[PDB]
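Enquirer:
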Amino acid sequence: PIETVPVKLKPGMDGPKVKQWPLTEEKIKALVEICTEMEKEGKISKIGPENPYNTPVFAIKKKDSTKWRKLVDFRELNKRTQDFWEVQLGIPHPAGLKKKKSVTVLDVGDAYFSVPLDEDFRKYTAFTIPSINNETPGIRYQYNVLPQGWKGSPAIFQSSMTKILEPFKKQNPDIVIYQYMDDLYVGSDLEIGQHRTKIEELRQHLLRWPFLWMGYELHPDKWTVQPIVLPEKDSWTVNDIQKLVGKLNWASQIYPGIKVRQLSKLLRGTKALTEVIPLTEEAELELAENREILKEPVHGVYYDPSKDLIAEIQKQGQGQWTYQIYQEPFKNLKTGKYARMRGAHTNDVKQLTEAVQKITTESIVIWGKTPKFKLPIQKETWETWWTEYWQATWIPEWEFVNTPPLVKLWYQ
Amino acid sequence: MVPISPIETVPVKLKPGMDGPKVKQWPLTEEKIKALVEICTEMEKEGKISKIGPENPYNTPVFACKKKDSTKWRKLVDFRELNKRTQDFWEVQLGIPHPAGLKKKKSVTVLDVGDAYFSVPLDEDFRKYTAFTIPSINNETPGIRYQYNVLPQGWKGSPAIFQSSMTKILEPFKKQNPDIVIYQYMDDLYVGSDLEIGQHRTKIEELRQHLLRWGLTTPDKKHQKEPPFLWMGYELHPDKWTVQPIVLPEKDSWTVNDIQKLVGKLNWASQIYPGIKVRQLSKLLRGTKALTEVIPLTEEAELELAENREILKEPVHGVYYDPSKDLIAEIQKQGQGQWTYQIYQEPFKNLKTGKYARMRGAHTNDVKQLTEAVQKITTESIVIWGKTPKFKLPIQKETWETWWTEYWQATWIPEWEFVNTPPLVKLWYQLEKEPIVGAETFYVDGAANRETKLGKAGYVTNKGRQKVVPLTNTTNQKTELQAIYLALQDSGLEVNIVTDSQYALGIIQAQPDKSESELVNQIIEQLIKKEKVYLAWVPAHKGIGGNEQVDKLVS
DNA sequence: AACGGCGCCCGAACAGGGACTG
DNA sequence: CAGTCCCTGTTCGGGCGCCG
Ligand SMILES: Cc1cn([C@H]2C=C[C@@H](COP(=O)(O)OP(=O)(O)OP(=O)(O)O)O2)c(=O)[nH]c1=O
Ligand SMILES: [Mg+2]
Ligand SMILES: [Mg+2]
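Residue numbers (the deposited numbering), protein chains in the order written: chain B, 4 to 212, 226 to 428; chain A, -1 to 553.
(1) Shorter than 8 Å from the beta carbon of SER251 of chain B to some beta carbon of chain A?
(2) For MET164 of chain B, is the classification buried or exposed, using 16 other Cβ atoms within 10 angstroms of its Cβ as the cut-off for buried?
(3) Does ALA408 of chain A have its Cβ less than 8 Å from a Cβ in chain B?
(4) Below 8 Å on the Cβ atoms is my guess for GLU28 of chain B versus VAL8 of chain A; work out the distance and round it to an integer in Å.
(5) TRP153 of chain B and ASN57 of chain B - do their beta-carbons sit closer together than 8 Å?
(6) Does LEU503 of chain A get closer than 8 Å to chain B when you measure Cβ to Cβ?
(7) For ligand 2, I want to know if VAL35 of chain B counts as a neighbour, meaning its beta carbon is within less than 7 Å of at least one of the ligand's heavy atoms.
(8) For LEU484 of chain A, which option in A:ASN471, A:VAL458, A:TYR501 has the closest C-alpha, if you only look at C-alpha atoms?
(9) Ends of the beta strand (DSSP E) at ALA445 of chain A?
(10) List, in order along the chain, the chain A residues whose C-beta lies closer than 8 Å to that of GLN23 of chain B?
(11) Could you check whether the Cβ of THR403 of chain A sits closer than 8 Å to any Cβ belonging to chain B?
(12) So, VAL518 of chain A versus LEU479 of chain A, is the Cβ gap smaller than 8 Å?
(13) Starting from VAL106 of chain A, find everything on chain B with Cβ-Cβ shorter than 8 Å and list it in chain order.
(14) Give me the pocket residues for ligand 3, defined as CB within less than 7 Å of any heavy atom, sorted by chain position.
(15) Cβ-heavy atom distance between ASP185 of chain A and ligand 4 below 7 Å?
(16) Whose C-alpha, out of B:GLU36, B:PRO272, B:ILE326, is nearest the C-alpha of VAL417 of chain B?
(17) By how many angstroms is the C-alpha of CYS38 of chain B removed from the C-alpha of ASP237 of chain B?
(18) Could you tell me which chain B residues have their CB closer than 7 Å to the CB of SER515 of chain A, listed as they occur along the chain?
(19) Check distances from the C-beta atoms of the region 288 to 306 of chain B to those of chain A and list, in chain order, the residues that come in under 7 Å.
(20) What span of residues does the beta strand (DSSP E) with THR459 of chain A cover, start to end?
(21) Go through its chain and collect everything with a Cβ distance to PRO217 of chain A's Cβ below 6 Å, but skip five positions before and after it.
(22) The beta strand (DSSP E) with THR497 of chain A in it runs from where to where?
(23) Are the region 398 to 407 of chain B and the region 136 to 148 of chain B in contact at 8 Å, needing three or more beta carbon pairs?
(24) Using 8 Å as the cut-off, can you tell me whether the region 147 to 154 of chain A makes contact with the region 64 to 81 of chain A, which would need three or more C-beta pairs spanning the two stretches below that distance?
(25) Since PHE171 of chain B contacts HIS198 of chain B with CB under 8 Å, what's their CB separation in whole angstroms?
(26) To test your reading of the DSSP string, which unbroken beta strand (DSSP E) runs of 3 or more residues are found completely within the region 90 to 137 of chain B?
(27) Could you give the first and the last residue of the continuous beta strand (DSSP E) run that contains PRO468 of chain A?
(28) Give the residues from the region 46 to 78 of chain B that approach chain A closer than 8 Å (Cβ to any Cβ), ordered along the chain.
(29) Return yes when the C-beta of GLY213 of chain A is under 7 Å from any heavy atom of ligand 2, and no when it is not.
(30) CA-CA distance, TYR427 of chain A and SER105 of chain B?
(31) Using a beta-carbon distance below 8 Å, is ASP110 of chain A in contact with chain B?
(32) In terms of residues, what are the limits of the beta strand (DSSP E) holding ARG125 of chain A?
(33) Determine, using beta carbons only, whether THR128 of chain B comes closer than 8 Å to chain A.
(34) Report yes if the CB atom of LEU168 of chain A is closer than 8 Å to the CB atom of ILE180 of chain A, and no otherwise.
(35) Can you pull out the residues from the region 353 to 381 of chain B whose beta carbon lies closer than 7 Å to at least one beta carbon of chain A?
(36) Taking a Cβ distance cut-off of 7 Å, strictly less, list which residues of the region 425 to 442 of chain A are near chain B, in chain order.
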């Protein structure tokens, strides 16, 4: 009894044609069971090979959850409908969400299954379930309702979501509520007891209308930054000063006031790397001046809502991972470091997967965007394992780099 | 007035703004003439082909070829101009079934649908787009023109439509018989069950009659009731399987196209025959771009070919998959970037074998390649069995630990164990993490002219040692590598090396043991001879230490 | 002389970053 | 500051095997 909101692709672009990748046995058995129930409920319908479009699908388990969740890699379809979820029916981002003491993330994507999808657009939501050992051909479906993981789903449902959240926002004018993809971000300055109680009130507010029982908690007020710090040693060797000047020279691309004149004078000649060099009176002055510039904020660094976010990650070893978020090079909007994550000292891919999820979550809270990642990993290595450790209902864009650490810049 | 078959039609459109095919016929021999006029008449009475008149302004040529090992002929429509104007289809055939993924079944039956594409109807509004004339004489009778009511063989949409229609018909039968496994590939159906042989034929006849309701015939000509079953080019026995006999050509003179077929058969044979190499054979397929050019077999390519023929002498076989036992994969290093592996559950009962010999990157080491081999085996294992095997790798736990913890890129290997079978994979040299006390410090640098291609390379040390070498036909990157090579040549067993070259440092830090560059291989040879090497980097053109001094010499 | 599928090994075309020259 | 070079990377189409 609801008119299907018309959806159109961006002009000049065709639907997504992405090949399904191999799935493990436990994931295929989960998707076959999930899709059979959704088909019985009319959420999806089987299709044939006359639908030239296709989107990969797999399954995940959220943190501390044993229930399989269907996850579609709608990344290609999302950037082929970008004029919709950003121009026509956009979602405003509250600048106070990152200032709240506690922020809970609620999976509300199941609500999208109640709104029908435009019949002319259902052909683009096509996906294919593979079979083990290619026993049977692909089992293709398409969505009849708003699909989870599609950026157009929260936009069309936004008018419905506002009516549901209206009594609660009036009841609590201090609580900030943000909606990104299948998730709902609820931030409040209340204490942890008062917060979780108010979260349950919102859950009951949604029940009177399968992952609504979960609630991932955040603390954006406790989020730290990782500035560039310089080592402090009692004695300095030629090798120490060479690494220091190399670090400051690269840092001059960010802070233009950093000088290295008096420090390079200490290396005049052809000295052995291990020779101890006492710092002169001017070298102590210059090194102290550079330590204060690194504390000062970078000039003219602000967020542009029209530019994409870029995130670079560095493997520092021993469970340490550093990252920087920026839109223009050397204009970092945030720098941070992660340590002792899941898989530390045993699995790089799991750690890197966790780091990408943490960074994306922060980017959603601070700016409401997902950054495009520059991953320090080989494409074949990442594409073999990342789905085994993914625990999020969204998927960011990423590319693959290989930058040897010529100078340790973000972690000495 | 033609009857509508029970199979649900598939709506097929065309690309917008384009019409149907309009291509003239091909003058063929009179042998093909007396082998298609009888087909268009038999299909006309059976409703598979209808006749049209002048109201269909389209035409498409057709040819025919003998079936493989059969008296019956095969008709193929050259729809290459129709395929350019027909809508794109998403293929539901995601791969090829492999016998190593089959489980043990007590009773096995292999079927084969007769007249596969000719039993599935074409779209109603699309039959008009398949026009073709048939001349009874090569230059006399104009010949009445017909059309297609089914799937023509040669059209790019025929396979996908048949594979999808076949699945919809089997869906109700599989729901009524959950314990029965039906491997559906194109028209051939692999049916297996743990039922008794008597009760197995009962369900087979139930399936043969179930498919008969939609006009799908399963004739007795290609009905297989007893092993060995010929399925997907293999020999299926009750407890083992093997590839059908592979014959390698043995010509006295070897050309290019002969090696391409030779290497291809070896790649197909490497799935069950352990230890097949194609490095030196494919090494002959480089540079030359003449398929009809004779190539003499090198001594390395001849020894590689002789060793492969002796492997194909002894009969080998694989086993079937038992989900109750674990999956084991064990890799061996064959040398020269070649790797071989075996996947099994019980010792010396290989499910399948394979090889990884890809050389990616100009500079690499054995640990990188072993990592890539593990990834290929993992993806292959998920396709066939849907799980990752436990690995047995010829590399020490300590060796791997040193590599991945100190590497700057994320890398990982699934659950694995060490197997002590030489040649073991190791790191041939380790760069120090701190400068070496008491070791001579070499400040190296190189520079070359972009125009004359002339350059210099050399070093200065803290003890006064110095060298400058003029180089002809070189680059800036080559001089920086040569400078490091000079420092290694002229230093003791322990040495500190300072360079401004991000290029050279990036190559050496990745600890390569092989390279396509002779200069890098010489650098590697020196790095192996040393006991301690510390590589440090400074930014160029900054008056830093001895780097400023050696910069004056080489420029 | 056809179509679709998967695999391998090959080379041409292309992309991207340090580094040098006008 | 551009425009190149040197180098190394990926993408893709064709060659072969094999299936239907
Ligand atoms: C071998 C082959 C096959 N096909 C398509 C057509 C029917 C199915 C199976 O072909 P087939 O089994 O050899 O012949 P088929 O049409 O089934 O007739 P029968 O010989 O089985 O009675 O795949 C094709 O299009 N080109 C080919 O070269
Ligand atoms: Mg057949
Ligand atoms: Mg230099």
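Idealized CB from N, CA, C, for every residue including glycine.
Expert: Taking the structure as given:
(1) no
(2) buried
(3) yes
(4) Contact doesn't hold; Cβ gap of about 31 Å is too wide.
(5) no
(6) yes
(7) no
(8) A:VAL458
(9) 438 to 446
(10) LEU92
(11) yes
(12) yes
(13) Neighbours of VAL106 of chain A on chain B: none; closest Cβ ~14 Å, over 8 Å.
(14) A:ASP443, A:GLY444, A:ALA445, A:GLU478, A:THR497, A:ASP498, A:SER499, A:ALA538, A:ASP549
(15) As for ligand 4, it is missing from this structure, which binds only ligand 1, ligand 2 and ligand 3.
(16) B:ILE326
(17) 40 Å
(18) Simply none; closest approach about 17 Å.
(19) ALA288, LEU289, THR290
(20) 453 to 459
(21) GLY112
(22) 492 to 497
(23) no
(24) yes
(25) Actually they do not touch by this definition, with Cβ atoms about 14 Å apart.
(26) 105 to 110, 130 to 132
(27) 464 to 469
(28) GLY51, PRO52, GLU53, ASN54, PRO55, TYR56, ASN57
(29) no
(30) 50 Å
(31) no
(32) Element bounds for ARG125 of chain A: n/a, residue is neither H nor E.
(33) no
(34) yes
(35) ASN363, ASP364, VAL365, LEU368
(36) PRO433, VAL435, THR439, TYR441
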